[PDB]
Structures are given as C-alpha cells and as structure tokens.
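S.K.: Got a structure here, written out as structure tokens. Questions coming.
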RNA sequence: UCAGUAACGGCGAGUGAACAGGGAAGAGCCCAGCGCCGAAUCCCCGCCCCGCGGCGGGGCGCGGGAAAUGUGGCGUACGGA
RNA sequence: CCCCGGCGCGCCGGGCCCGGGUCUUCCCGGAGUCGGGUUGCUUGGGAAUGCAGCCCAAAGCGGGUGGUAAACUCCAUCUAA
Ligand SMILES: [Mg+2]
Ligand SMILES: [Mg+2]
Ligand SMILES: [Mg+2]
Ligand SMILES: [Mg+2]
Ligand SMILES: [Mg+2]
Ligand SMILES: [Mg+2]
Ligand SMILES: [Mg+2]
Ligand SMILES: [Mg+2]
Ligand SMILES: [Mg+2]
Ligand SMILES: [Mg+2]
Ligand SMILES: [Mg+2]
Ligand SMILES: [Mg+2]
Ligand SMILES: [Mg+2]
Ligand SMILES: [Mg+2]
Ligand SMILES: [Mg+2]
Ligand SMILES: [Mg+2]
Ligand SMILES: [Mg+2]
Ligand SMILES: [Mg+2]
Ligand SMILES: [Mg+2]
Ligand SMILES: [Mg+2]
Ligand SMILES: [Mg+2]
Ligand SMILES: [Mg+2]
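Residue numbers (the authors' numbering), protein chains in the order written: chain i, 2 to 103; chain L, 2 to 211; chain G, 161 to 176, 184 to 213; chain C, 108 to 160; chain a, 2 to 148; chain N, 2 to 204.
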C-alpha cells in the first residue's frame, strides 16, 4: 500500500538512520571485575556474615523462603534489593551443602 | 469589595515587595559596558573571530521545536574523530568540543562532520614561530589577507527543500489521512491488551487440547 | 647516603644487575602476594 | 520606580519625522516658528556637499 | 497627568467625593476577595459561576511543548504559499499540483473551516480533520502525512 | 592493593571483626576530651580518598558530638506564638552532626583550613568524626600547585559557610528536578530572584 | 519568555516553580582508587654564586627530619596503561 | 617634564627529553554512604520536593532518575556518597 511517516502510532517519528557506536565508558560502571570479585571473596572469608544475613539463612535452611524474603526486605528495605539478597544467601547455603557433600 | 462585573484578581503583593524592587536605570550603562568589553576582547584576540569558537548544528528537542536547528555547545568526539581532529587540538584552532553530546543518527553526525571540514578549509593558521613556518601552517601569502571575522562563524540557518508541482497519482488521491491516523492511534492504544488476549487465548485452548 | 654514592659511581661508569632486596609496605607487599611474586611475607604483630 | 519612560510605536515615530520634514518646507510654517527666513533663496535650502568638509 | 484628574476639581469640596454619611473608611467588606461564600456571595455567584469547587483530573508536571499543535483552516491554506504559486498552477495544463507544507509554515494540524478554490493541491501536515481531508479531496488534491 | 581490602573491610561493619574494633575504639574515644588532636588518620584509606595526603601540613582532629535532635531553647517550653510553633521536642537541626563536628574543629583551630571529615564510630550518646585540616602556611602546602587553592582567603572557614562536603549536603544543591529550590546557587539566591520585582524602564 | 502557568491551598484567603525557546557570557579540569617506576617525593638547617621592600633560583653537605600506616611521575570514566 | 605599567627583542644558568594512527594483552572507581521505615521542618512538588534526628542497612550487567503507591517486564538516561 501507500504508507507515510506519522506523528502517532507504534512507528511514530521522523525517520533517520540510526548510527551504532561503542557504548560510552561511563556505562560500564558497577561491572564486576575478576580482581574485585577476588577481593570481595577474601573479605567475606575474613569477616563472615552479618547477624541479619545469618538469621535469613536459618529461615532459608528450613525452606521458609517467603518468610526469608519478608525478613530481608524489612531489613534492607526494597523488594528488588531483597530479591537479590535472598538469592545470594541461597547460593551460599547451596555451596555449603556441596562442600559438606565433598 | 467586588463591584458589578469584573475580573477576579490575585495580585502577588502581600509580601514586602518594595524592599526588593529592581529598577533598570543602569540598563544603558550596562549595555555600554558590555559592548566596551566586546570591543576590547575583539582587539585582544584578533585576528581570531570576535564571536568565538565555531559551534555545531543541533536539532532542538521536543515536538514543538524539532523542525528547527540552532547552534549547539560543541562538536562531539565522534564528529571530531570522523573529521580527523584531535579533541585536545580542537580548542586551540577555534573549534568547540562537547564530550557529553552523543550522535544518535548518521545524518546529524555527517552534517557536523562536513561543517568541520568546511571550517578547516577556511582556517588561516599563523605559524607558532613567525619566522619559522611548519607543516600545517598557512602560506605567507594568505596570512596577509587574514582579517578578523564578525558574527557567528559559518552561521547556522534553517533551509527548506522546495518541492515543485507534480501531477497527483491515484495512489495518493486514494490515501485516507483521517482514517489512517485514527486507526494508528487505536492500534498503538490496544496493542498491549490485544497481545495479552492472544496469549491467554492460546493457553485456554491448549489445556483443552492437551 | 649510599644511594647517592651508587649514582655518582654510575656517572663515573658512564663518563668512561639489580641485586635482590626486601620489599616494604602493605601496599607493595599485597600486590606482590597477589601476583605470587613473594616467597616469604613477614607481618608486624602490633 | 515612577514610570519615567514611554514606548512610542516605530510606525508612529517615523510618521512624526515625516510630518516634521513636510512642515519644514513650507515658508508659512517655518516663518510661524519664529525663524527669519524672509531672504533665504529657496525652501528646502540645499547647499552643495562642499560644506561637509 | 495629575492636572487632568478628579483631585484638582475636588479641592474645596469636603469629603473629596466619598460622601458625608458613609465616609471613606479603610477596608469595609474585607481585603481582596474576602467574603466570596459570605457577604459577597451574590457578586461571585452572579458574575463568576464555577469559581468555587474542583473539576477534572490533576496532571502533575505538565509540559506544554508535548501538546504543541498549531492549526490552520483551509480558507487560509493558500496564503502559506506565494501568489504566483497559485496562479501558475491554475493556468498550467499538465495537471501538476503544488505542494503546500504546513509544517514549514509552523502548523501541524489542518482544519476544515472554509472552502478551497477549484485547484488541485498536495498538502503536507502532521494531522488533518476529517472534513479537511474531504474538502482537500473535493478539489482534486491529496493529503500527505509527515512525522 | 591494600587500600582496596581496607575499603571493602570497612563495609562489613556488622562483621565480628569490625564490631570488636568499633566497640573498643568507641570506648577509647569516649575516655578523652571532645576535641582531640589525633596522631594519624584512624582510617588511612578513607582519609586519603577525601583529599588527605601523608605530608606535613595535614593534621587530624577527633571530635565528639552529642547525638539526637535539637530541642528548642525556650524557657519552660513556652514559645509565645501560635499552635503551629509550639514544638519543643522532635525538632531537628538543619545540618548534620558531621557538619557540626567540622565546625567545632574549624572554630577551634582558626589558623587551619578544614578539608573534610569522616565517621569513626558512635554509641547511643556520641558520634565520633575525624576531621582533616590543612595548615595553609606550611611550605609543603604553599609550594605545591595542586594544594595552593586552599591557601586563598576565599577559602577561610569553609565548614562555617557550608562549603565542605558534609556542610554542603544540608544546602539542597544538585542538578535536575529535585533541587529547584537552589537554582541561582542557594535557597536565598533562588528566593531573591523569584521574589524581586523587575520594573523595566519601559514597561 | 514560559507564567500568575503545572501545582499547592479551612481547594478559602492566598501561594506558585521547572523543561523546551531567544539572548549576556563562555573554559575547562584535578585526585583517591586500579597499576608501574630502586621514594624516583617533600620540609628545615649551614656554606658558595646571582637576587634580595612578594625571601626566590642554582651548587654543595656519610647535615636533621617527614614519608612504605604511601610522597612524586604517568593516569580519572571523554576511557586509561 | 617626571613616575608606574604593559607589550616585544637578545644573553647566562637551569628543567622537559615529550607526539599521532592501528593492532595485542591488560585495569577500571568514593559505605554507617545509598536505599528503606518513622519523626519534625520545608517545598508548587501532590501515597511525601529538599533537609535533619533515630532505627534498619546494601549492591556490582550494580546504583540513581524516568512528577500517583506497588509487582512483573522491557526501554532511555546518567554514574552519587
Ligand atoms: Mg462600592
Ligand atoms: Mg468595574
Ligand atoms: Mg456638591
Ligand atoms: Mg467626613
Ligand atoms: Mg465619588
Ligand atoms: Mg460605605
Ligand atoms: Mg479604599
Ligand atoms: Mg499560622
Ligand atoms: Mg531552616
Ligand atoms: Mg542523602
Ligand atoms: Mg558539585
Ligand atoms: Mg499568558
Ligand atoms: Mg471552604
Ligand atoms: Mg511561601
Ligand atoms: Mg532553559
Ligand atoms: Mg551569544
Ligand atoms: Mg593513584
Ligand atoms: Mg564526567
Ligand atoms: Mg565522584
Ligand atoms: Mg519552621
Ligand atoms: Mg510552609
Ligand atoms: Mg507512574
């Protein structure tokens, strides 16, 4: 058919050629590096876990995952931050099982 | 008290506004001072252009102004990179640099790249040591003609591509401008729910199938 | 005092190998230990 | 902050300059302004450009 | 000028034009818009219906550039191009119609008020009204959409 | 790379290691006077990333500020006003306790310039901050171009005009839609401009 | 200029910004950190030459000190080595 | 006619031994801070614009923002302490 660019609709906009360039280096901020992961895993060996993290893990051992999130969320503050935190502790608990199994 | 028909007015004079009145009786004296600092600056940097560094072209944001272009802050690193100008050398020879600005499309990128190349073609460059020219410097003949420039460098102007009269086709005559717009609004409004309904529909029948 | 001497002798040697040495500091030593370039690390107790 | 200054439309200000120039060429009006032009050769009085130097 | 104002004529007349009985007191009735729902209710109801109350949704952070959409009617459509543009098209024989780009003239939407001359034209705009497109089509023209 | 481990180590303030060190050090800090010259930065990593350098002319001070809000200092709690201004408790001070710590260090050592500060510990009653100060007349400071800025008379008592990092946090500065109060450089600057009547000659 | 506007408000009295646009002016940069360089860094003392009413420059001292709990060079998100 | 200043041209002794393009391998960040709860003030900022006290208390394809609270999900945009 005949079709025009339109100021409304799903394909709205004046048509231009998009140009692809490397992302600005400021956009990699907060990317984990193997050295910074190694340093954080070392501090985790020296220091350990916080009392709230340990209490969360006790909830996760008995498979109280829903209650574990609510405790974590109440302590860290946000759902997304808690979801990421619950996952790490479960990964830690999973690793401890494997190490014991070995 | 109100009196017959009248506008309801809410003047904002319930503070101590007289303590903070800014008269403008120094306006002509400000205008002279600003001009006198433009002249002493033009003399100070001559033959460099009085206006200042060359600025790029940029399209104004929002739908109210995107039909217009103007002078931006400075050329972007992608623009300078494509034009073979070192970013630290750009400011020394009258070119402005904007590390923040991103080039999203090619055409705008190319327009500033060409603007740079045109500017580099008009640049008359005086040797660092007057008696010892160097590789990139302008010849002594074209230094005798180097005169200061007034006004913005290579002024930016909104040019319109004129289209001549052409015979209207049956395809164009048949196009439905109103219907096309109204249907486009509907499609972009019901897209998300329609996709949801299609997904649920498949699930409902699949459980019947399996 | 004796690094000044070595440089002066280096000038005499010029006008006409690095021996092994300890490494001081927690910043220097930590980087060496991560690189596995240290054979023995001594840490003060206080 | 009494309003000392007044805006006058450019079109009117130019009008006022045309009225002044038109009036300046009529002996009756220039006489009636008190000027002693009873013996100037002509109105308007145009002299050669030498007097500019 | 103060020489043309009432004060000069009111010299010698006691009360200065505010009456002997009611006098000129400081603020009888209140200051500003006091009393709208009270001793001043008739004036507000009589002359400012709708003044009190709330209506319609709030919209935080309104940006008036988002709804920029200047409009032009069809009766003004041919002024956006020079005169010789129209006369040349009307008298030529090949049937070629001129292009009127209303965005270049600072308009986005084309409205239908008025009638067009019997002369084909190609119109470019972001938006059209339904009657604008019909009227534009009635003279042999076409509507072209731009983004 | 030791400064990386220390930075990460001090992020685990609830670990067993850190709890022991904070507890004992808060106890020690609590046996001294409220303003106390310190011999070296308690936190070499934190101090240096705030601008400190381990050279003559940089000095450290430890300040002890009482915790809690600002009680309105009115006799017998009477405010003599309207009910909206009857509050005596639950009121808060506009500036942080880190800022107040810098001001107390800054006022005491009037001949020194305050660079920055950091948190070293706290208990239920006291917050402890170490403040970095610079002697603007030592020659290790005046002759180094990178630090000649802080010797200028415009930088006298930065902590007392809300110019330090801690001090400038209560001023509501920043870019974007969240900080429209301080367009023009400051709240008063925004207010003056917005509350001044521009009467042009031709109006 | 947006704009007495979006908004706030016994939604009463009242209060009330910003983006975009046009101008004045126009300028950009530096650390910590990550690294590598024999601490390559700095202050003060005495003697010698120049200068000495903005106390500095150079040469010499197995002269003292700060500094490996980190000074200087390179380098900082536009990436850098 | 005096003085100060500025702008230029030469000599002595110093410092710097300096750059660009493409490949290859490497490195890259600010914590009792963010964010969350509550309280008080504050704002036009309205299920909370900013600030502060107290409590909780982070992460690293993370974090902040995207003007109506919240979950899932894409985008865009910056890179705080
Ligand atoms: Mg009346
Ligand atoms: Mg009236
Ligand atoms: Mg009478
Ligand atoms: Mg009377
Ligand atoms: Mg009267
Ligand atoms: Mg009366
Ligand atoms: Mg009155
Ligand atoms: Mg009150
Ligand atoms: Mg206050
Ligand atoms: Mg904060
Ligand atoms: Mg800032
Ligand atoms: Mg208006
Ligand atoms: Mg009411
Ligand atoms: Mg107010
Ligand atoms: Mg603006
Ligand atoms: Mg300008
Ligand atoms: Mg470094
Ligand atoms: Mg940046
Ligand atoms: Mg930063
Ligand atoms: Mg108050
Ligand atoms: Mg208020
Ligand atoms: Mg929303």
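Positions of the beta carbon are idealized from the N, C-alpha and C atoms, including for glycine.
What first and last residue would you give for the alpha helix (DSSP H) that runs through residue 100 of chain N?
M.R.: Counting along the chain, the alpha helix (DSSP H) containing residue 100 of chain N begins and ends at 98–109.
S.K.: Is there a C-beta anywhere in chain N that falls below 8 Å from the one on residue 73 of chain i?
M.R.: Output row for residue 73 of chain i: interface = no.
S.K.: State the DSSP-derived secondary structure class of residue 82 of chain i, mapped to helix, strand or coil.
M.R.: Helix at residue 82 of chain i.
S.K.: Using the Cβ count rule (16 or more neighbours within 10 Å means buried), how would you classify residue 115 of chain N?
M.R.: Classification for residue 115 of chain N: buried.
S.K.: Identify, in the order they occur along the chain, each residue of the same chain with its Cβ nearer than 6 Å to the Cβ of residue 64 of chain a, setting aside the five sequence neighbours on each side.
M.R.: Result list for residue 64 of chain a: empty, nothing under 6 Å.
S.K.: Of all Cβ atoms in chain L, is any one closer than 8 Å to the Cβ of residue 188 of chain N?
M.R.: No, residue 188 of chain N lies away from the interface with chain L (no Cβ there is under 8 Å from its Cβ).
S.K.: Please work out which residues of its chain come closer than 7 Å, Cβ to Cβ, to residue 109 of chain N, disregarding the five sequence neighbours upstream and downstream, and give them in chain order.
M.R.: Excluding residues within five positions, the ones whose Cβ falls inside 7 Å are 36.
S.K.: Less than 8 Å between CB atoms is the rule here; does residue 164 of chain L satisfy it with respect to chain i?
M.R.: It does not: the Cβ of residue 164 of chain L has no partner Cβ on chain i nearer than 8 Å.
S.K.: Do residue 181 of chain N and residue 188 of chain N count as a contact pair if the criterion is CB distance below 8 Å?
M.R.: No.
S.K.: Would you say the region 110–124 of chain a touches the region 184–194 of chain L, given that touching needs at least three Cβ pairs under 8 Å?
M.R.: Taking 8 Å as the limit for Cβ pairs, the verdict is that the region 184–194 of chain L does not touch the region 110–124 of chain a.
S.K.: Quick one: does residue 18 of chain N have its CB under 8 Å from some CB of chain i?
M.R.: Residue 18 of chain N counts as touching chain i.
S.K.: Relative to the alpha-carbon of residue 105 of chain L, which residue among i:91, i:60 and i:18 has its alpha-carbon at the smallest distance?
M.R.: Nearest option by C-alpha distance: i:18.
S.K.: For residue 199 of chain N versus residue 23 of chain L, is the C-beta distance shorter than 8 Å?
M.R.: Cβ atoms of residue 199 of chain N and residue 23 of chain L: closer than 8 Å.
S.K.: List, in order along the chain, the chain L residues whose C-beta lies closer than 8 Å to that of residue 3 of chain i?
M.R.: The contacting residues are 172, 173, 175 and 176.
S.K.: Please compile the residues from chain L whose C-beta is within a distance smaller than 7 Å of the C-beta of residue 202 of chain N.
M.R.: The contacting residues are 25, 26 and 28.
S.K.: Going by DSSP, what residue range makes up the beta strand (DSSP E) through residue 110 of chain L?
M.R.: Note, residue 110 of chain L: premise wrong, no beta strand (DSSP E); alpha helix (DSSP H) at 107–123.
S.K.: Identify each residue in the region 45–65 of chain L for which the Cβ-Cβ distance to at least one residue of chain a is less than 7 Å, and report them in chain order.
M.R.: Hits within the stretch, in order: 63, 64 and 65.
S.K.: Answer with buried or exposed for residue 53 of chain N, where buried requires no fewer than 16 other C-beta atoms within 10 angstroms of its C-beta.
M.R.: Classification of residue 53 of chain N: buried, given that the 10 Å Cβ count is 16 or more.
S.K.: Which residues share a DSSP beta bridge with residue 206 of chain N?
M.R.: A query on residue 206 of chain N cannot be resolved here, the shown segment of chain N reaching from 2 to 204 and no further.
S.K.: Give me the Cα-Cα distance between residue 29 of chain a and residue 9 of chain a, rounded to the nearest whole angstrom.
M.R.: Taking the straight line joining both Cα atoms gives about 26 Å.
S.K.: Measure the C-alpha to C-alpha separation of residue 119 of chain N and residue 131 of chain N and round it to an integer number of angstroms.
M.R.: Each residue's alpha carbon lies about 6 Å from the other.
S.K.: Just curious, the beta strand (DSSP E) that residue 144 of chain L is in, first and last residue?
M.R.: That residue, residue 144 of chain L, is in no beta strand (DSSP E); its alpha helix (DSSP H) goes 141–144.
S.K.: Look up residue 117 of chain N in the DSSP assignment and say whether it is helix, strand or coil.
M.R.: Of the three classes helix, strand and coil, the one that applies to residue 117 of chain N here is strand, per DSSP.
S.K.: Verify the contact flag: residue 83 of chain N, CB atom, against every heavy atom of ligand 8, threshold strictly below 7 Å.
M.R.: Yes, since a heavy atom of ligand 8 falls inside the 7 Å radius drawn around the Cβ of residue 83 of chain N.
S.K.: Residues of chain N with CB closer than 9 Å to the CB of residue 16 of chain L, please, in chain order.
M.R.: 196, listed in chain order.
S.K.: My understanding is that residue 58 of chain i touches residue 94 of chain i, with C-beta atoms under 8 Å, so please give their C-beta distance in whole angstroms.
M.R.: Residue 58 of chain i to residue 94 of chain i, Cβ: 6 Å. Contact.
S.K.: Apart from the five residues just before and just after residue 150 of chain L, which ones in its own chain have a Cβ nearer than 6 Å to its Cβ?
M.R.: So the list reads 50, once near-sequence residues are dropped.
S.K.: Could you check how far apart the C-beta atoms of residue 61 of chain N and residue 135 of chain N are, in whole angstroms? I think they sit under 8 Å.
M.R.: Incorrect: roughly 11 Å between the Cβ atoms, too far for contact.
S.K.: Check each residue of the region 102–121 of chain L: if its Cβ is closer than 8 Å to any Cβ of chain i, include it; give the result in chain order.
M.R.: Under the 8 Å Cβ criterion, the region 102–121 of chain L contributes 103, 104, 105, 106, 107, 108, 109 and 110.
S.K.: Three-state secondary structure (DSSP) at residue 18 of chain N?
M.R.: DSSP places residue 18 of chain N in helix when its eight states are reduced to three.
S.K.: Between residue 147 of chain a and chain i, is any beta-carbon pair separated by less than 8 Å?
M.R.: Chain i, which has a Cβ nearer than 8 Å to the Cβ of residue 147 of chain a, makes this yes.
S.K.: Name the chain i residues that come within less than 9 Å of residue 127 of chain a, Cβ to Cβ?
M.R.: The contacting residues are 7, 8 and 9.
S.K.: Among L:181, L:205, L:44 and L:117, which residue has its Cα nearest to the Cα of residue 78 of chain L?
M.R.: With distances taken between Cα atoms, residue 78 of chain L lies closest to L:117.
S.K.: Would you report the Cα separation of residue 90 of chain a and residue 145 of chain a, rounded to the nearest angstrom?
M.R.: Roughly 19 Å between the two C-alpha positions.
S.K.: For residue 205 of chain L, which three-state DSSP category applies?
M.R.: Helix at residue 205 of chain L.
S.K.: Unbroken alpha helix (DSSP H) runs of length 4 or more, entirely within the region 46–111 of chain L: which are they?
M.R.: The qualifying runs are 63–66, 78–83 and 88–91.
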